[PDB]
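What you see below is based on every heavy atom in this structure, not just the backbone, and it leaves out hydrogens, waters and symmetry mates. We're numbering straight along the sequence, starting at 1.
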Amino acid sequence: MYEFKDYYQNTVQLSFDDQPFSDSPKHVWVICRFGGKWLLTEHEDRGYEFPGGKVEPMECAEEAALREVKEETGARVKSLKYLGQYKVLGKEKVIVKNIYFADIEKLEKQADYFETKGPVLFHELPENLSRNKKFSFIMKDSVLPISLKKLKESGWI
């Protein structure tokens, strides 16, 4: 596993094993690719990020991952694959977050995206990411480069 501090100084623990921190993660994060482009959403408060959010008690993690992609981007998924999991060791809370990879089939029109401004496509993520005020803090720690490295090694992209 990997351990590091995040953008807001919480400690994050990251693993590419199957649900090592929790069998019932309460959050999902979905790295999306549409053709040769990254598909992100623009969270209303946080800014650009891969879609994700909470796992409902009446949802399993995969169901929540598919719903967040659709709600935040209007995308239909061709394939959803579990990649890994991370634990965020916060000041007041500890959250366990599954990482999925979604290969996107298409983006359909949507009147609303919920807590976001909808889909954003990036041919490449910018190098200035960590100092880019337009990006979410969740994209500004080692979870993103380590996850992309593992994703590229997988053969899935």
Ion pair check, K78 and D103, cut-off under 4.0 Å: yes

Under a 4.0 Å N-O cut-off, is there an ion pair linking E44 with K117? no

Check step by step if side chain to side chain contact (heavy atoms under 4.5 Å, CB included) holds for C60 and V55. CA-CA 7 Å; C60 66; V55 179; 5.9 Å; no

Looking at residues at least two apart in the chain, or sitting in another chain, which of them share a salt bridge (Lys or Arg N to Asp or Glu O under 4.0 Å) with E153? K149

Validate the cation-pi geometry between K97 and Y86: distance from NZ or CZ to the six-membered ring centre under 6.0 Å, angle to the ring axis within 45°. no

Are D18 and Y82 close enough, and set up right, to give a side chain to side chain contact (heavy atoms under 4.5 Å, CB included), and what steps lead you there? CA-CA 8 Å; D18 291 302; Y82 171 89; 3.5 Å; yes

Verdict with supporting geometry, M139 and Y48, side chain to side chain contact (heavy atoms under 4.5 Å, CB included): CA-CA 8 Å; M139 297 288 283; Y48 307 134; 6.0 Å; no

Which atoms form the tightest heavy-atom contact between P51 and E68, and what is the distance? CB-O, 4.0 Å

So which heavy atom on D141 is nearest to which on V143, and how close? OD1-N, 2.9 Å

Would you please say whether a donor-acceptor pair under 3.5 Å links the side chains of [X] and [Y]?
| X | Y | result |
| --- | --- | --- |
| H27 | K54 | no |
| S136 | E49 | yes |
| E3 | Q13 | yes |

Would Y100 and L83 count as a side chain to side chain contact (heavy atoms under 4.5 Å, CB included) if you check the C-alpha gap in whole Å, the side-chain angles of each, and the deciding distance to 0.1 Å? CA-CA 5 Å; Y100 292 88; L83 179 64; over 6 Å; no

Assert yes or no for the condition that the ring centre distance of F122 to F135 is strictly below 6.0 Å. yes

Do the rings of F50 and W38 sit parallel, tilted or perpendicular, given the 30° and 60° boundaries? perpendicular

Any donor and acceptor pair, going by atom type alone, linking the side chain of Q110 with main-chain N or O of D112 inside 3.5 Å? yes

